[PDB]
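J.: Please read through the structure below; I'll follow up with questions.
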Amino acid sequence: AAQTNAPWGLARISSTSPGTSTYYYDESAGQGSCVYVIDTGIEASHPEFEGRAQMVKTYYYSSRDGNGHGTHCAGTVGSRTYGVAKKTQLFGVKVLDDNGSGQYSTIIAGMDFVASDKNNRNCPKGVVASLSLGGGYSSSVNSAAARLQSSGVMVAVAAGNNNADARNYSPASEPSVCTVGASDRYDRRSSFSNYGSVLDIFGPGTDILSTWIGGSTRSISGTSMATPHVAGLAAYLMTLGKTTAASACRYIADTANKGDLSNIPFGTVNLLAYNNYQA
Ligand SMILES: [Ca+2]
Numbered sequence: 550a551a552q553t554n555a556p557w558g559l560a561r562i563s564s565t566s567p568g569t570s571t572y573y574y575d576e577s578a579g580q581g582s583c584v585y586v587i588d589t590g591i592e593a594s595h596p597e598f599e600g601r602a603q604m605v606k607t608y609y610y611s612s613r614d615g616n617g618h619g620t621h622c623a624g625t626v627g628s629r630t631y632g633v634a635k636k637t638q639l640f641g642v643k644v645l646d647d648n649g650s651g652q653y654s655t656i657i658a659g660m661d662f663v664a665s666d667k668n669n670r671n672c673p674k675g676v677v678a679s680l681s682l683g684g685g686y687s688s689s690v691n692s693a694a695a696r697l698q699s700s701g702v703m704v705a706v707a708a709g710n711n712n713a714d715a716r717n718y719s720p721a722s723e724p725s726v727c728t729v730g731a732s733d734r735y736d737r738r739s740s741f742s743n744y745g746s747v748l749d750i751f752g753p754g755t756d757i758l759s760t761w762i763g764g765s766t767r768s769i770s771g772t773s774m775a776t777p778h779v780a781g782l783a784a785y786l787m788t789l790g791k792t793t794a795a796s797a798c799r800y801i802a803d804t805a806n807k808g809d810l811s812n813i814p815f816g817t818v819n820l821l822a823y824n825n826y827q828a
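Those letters in the sequence shown? Residues 550 to 828, per the working numbering, in order.
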């Protein structure tokens, strides 16, 4: 399949060079896989989700996304127009309030929740969790991410937006999960992207067009936007049978475009997520 005039980040993950505008992908498109978006929620009624999204848990008064961030990230995972894995099933867990903030105890509870809830869901091709959130180092938050990964869920987390070593942030600094940095459309490390030896992979994160609340769309930037490209790519590769939840991060690294990025500090991987699709 080929989506013409695609958002640049989708084109980039299906090309060995920057500057293209077509997203090439296998028509299976992640069908049979499930991705939990643990964030401010998802506007499940947005036409772009085609009924494939639902809220399964909230830690606040409402399960609605009153912010937009979670709907944007969900759109990059699995919306029709803006998504990597266009037939995946999306489940929303609202651990952040409508200002985008949340306590670490709530975020940990949401991770433990997904580890259990996935046992109640029909996801024959596997389960992914996308965490576009973080804050300062916490061993308890790292441990919760490690548990979620160990339970059989491919965990992708944002590296953070401090232009700093991600070793000082959580859950970015948990080695067992897949920690994602951001790049821009010219193949530079995004100016805000964290870096460091704990990063596993880069994905597109500057000026990413996706779904927004009120049935709308907008372009925003962050390692929060790069993470769902990698989460959607994992769901897509698991559906194709190329890899499993345990090894997807390593498979994505091994099959990445290598050495293409600029402004990568010594000690940080120079690897950009790539779907290796050949028609
Ligand atoms: Ca890792």
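Ideal Cβ placement from N, Cα and C applies to all residues, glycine included.
1) Consult DSSP for residue 634 and reduce its assignment to one of helix, strand or coil.
2) Could you tell me which residues DSSP pairs with residue 705 in its beta bridges?
3) So for residue 718, helix, strand or coil by DSSP?
4) Can you say whether residue 740 is buried or exposed, counting buried as having 16 or more other CB atoms within 10 angstroms of its CB?
5) By Cβ distance below 7 Å, which residues in the same chain neighbour residue 554 in space, the five residues on each side in sequence not counted?
6) Let me check understanding here. Comparing Cα to Cα, which of 771, 696, 688 lies closest to residue 711?
7) Are the CB atoms of residue 784 and residue 637 within a distance shorter than 8 Å?
8) For residue 597, which of 620, 779, 611, 616 has the nearest alpha-carbon?
9) Just to confirm, does residue 720 get its C-beta within under 7 Å of one of the non-hydrogen atoms of ligand 1?
10) Thinking just about the alpha-carbon of each residue, which of 641, 561, 803 is nearest to the one in residue 603?
11) Would you mind stating whether residue 747 and residue 727 have Cβ atoms separated by less than 8 Å?
12) List the whole-angstrom C-beta distance separating residue 681 from residue 715, where the pair is believed to meet the contact cut-off of C-beta under 8 Å.
13) Determine the direct distance from the alpha carbon of residue 585 to that of residue 663, and round the result to whole angstroms.
14) In whole angstroms, what is the alpha-carbon distance linking residue 821 and residue 806?
15) Assuming residue 623 contacts residue 591 (C-beta within less than 8 Å), just tell me the rounded distance between them.
16) For residue 690, collect the residues of the same chain with a Cβ closer than 7 Å to its Cβ; drop the 5 residues on either side in sequence, then sort them by chain order.
17) What does the Cβ neighbour count give for residue 724, buried or exposed, with the cut at 16 atoms within 10 Å?
18) Cα-Cα, which of 670, 799, 701, 762 is closest to residue 581?
19) Would you call residue 792 buried or exposed, if buried means 16 or more other Cβ atoms sit within 10 Å of its Cβ?
20) Would you report the Cα separation of residue 825 and residue 768, rounded to the nearest angstrom?
T.: The structure says:
1) Translated into positions along the sequence shown, residue 634 becomes position 85. Note: residue 634 maps to coil in three-state DSSP.
2) Walking along the sequence shown from the start, residue 705 turns up at place 156. Its beta-bridge partners are 679, 727.
3) In the sequence shown, residue 718 corresponds to position 169, counting from 1. Three-state result, residue 718: strand.
4) As a position in the sequence shown, residue 740 is number 191, starting the count at 1. Exposed, because fewer than 16 other Cβ atoms sit within 10 Å of the Cβ of residue 740.
5) Position 5 of the sequence shown, counting from 1, holds the residue named residue 554. Cβ within range, chain order: 570.
6) Here residue 711 is taken as the residue at index 162 of the sequence shown, counted from 1. For residue 711, the nearest C-alpha among the options comes from 771.
7) Looking up residue 637 in the sequence shown gives position 88. Looking up residue 784 in the sequence shown gives position 235. Contact: yes.
8) Locating residue 597 in the sequence shown gives position 48, where the first residue counts as 1. It is 620 whose Cα lies nearest to the Cα of residue 597.
9) Locating residue 720 in the sequence shown gives position 171, where the first residue counts as 1. Every heavy atom of ligand 1 is 7 Å or more from the Cβ of residue 720, so no.
10) For this step, residue 603 is matched to residue 54 along the sequence shown. Here the closest residue by C-alpha is 641.
11) For this step, residue 747 is matched to residue 198 along the sequence shown. For this step, residue 727 is matched to residue 178 along the sequence shown. No, these two residues do not count as a Cβ contact at 8 Å.
12) Numbered from its first residue, the sequence shown carries residue 681 at position 132. Numbered from its first residue, the sequence shown carries residue 715 at position 166. That pair is no contact at about 14 Å.
13) Numbered from 1 along the sequence shown, position 114 holds the residue referred to as residue 663. Numbered from 1 along the sequence shown, position 36 holds the residue referred to as residue 585. Roughly 7 Å separates the two Cα atoms.
14) Reading the sequence shown from its first residue, position 272 is the one you call residue 821. Reading the sequence shown from its first residue, position 257 is the one you call residue 806. If you take the alpha carbons of residue 821 and residue 806, they lie about 5 Å apart.
15) Counting from one through the sequence shown, the residue named residue 623 turns up at place 74. Counting from one through the sequence shown, the residue named residue 591 turns up at place 42. At roughly 4 Å, the Cβ-Cβ gap stays under 8 Å, so residue 623 and residue 591 are in contact.
16) Taking the first residue of the sequence shown as 1, we reach residue 690 at position 141. Counting only Cβ-Cβ distances below 7 Å, and skipping sequence neighbours, we find 653, 656, 657, 719, 720.
17) Working through the sequence shown from its first residue, we reach residue 724 at position 175. Under this definition residue 724 is an exposed residue.
18) As a first step, residue 581 is located in the sequence shown; it is residue number 32 there, counting from the start. Comparing Cα positions, the closest option is 670.
19) Your numbering for residue 792 matches position 243 in the sequence shown. Buried, since its Cβ has 16 or more Cβ neighbours within 10 Å.
20) Your numbering for residue 825 matches position 276 in the sequence shown. Your numbering for residue 768 matches position 219 in the sequence shown. C-alpha separation (whole angstroms): 26 Å.
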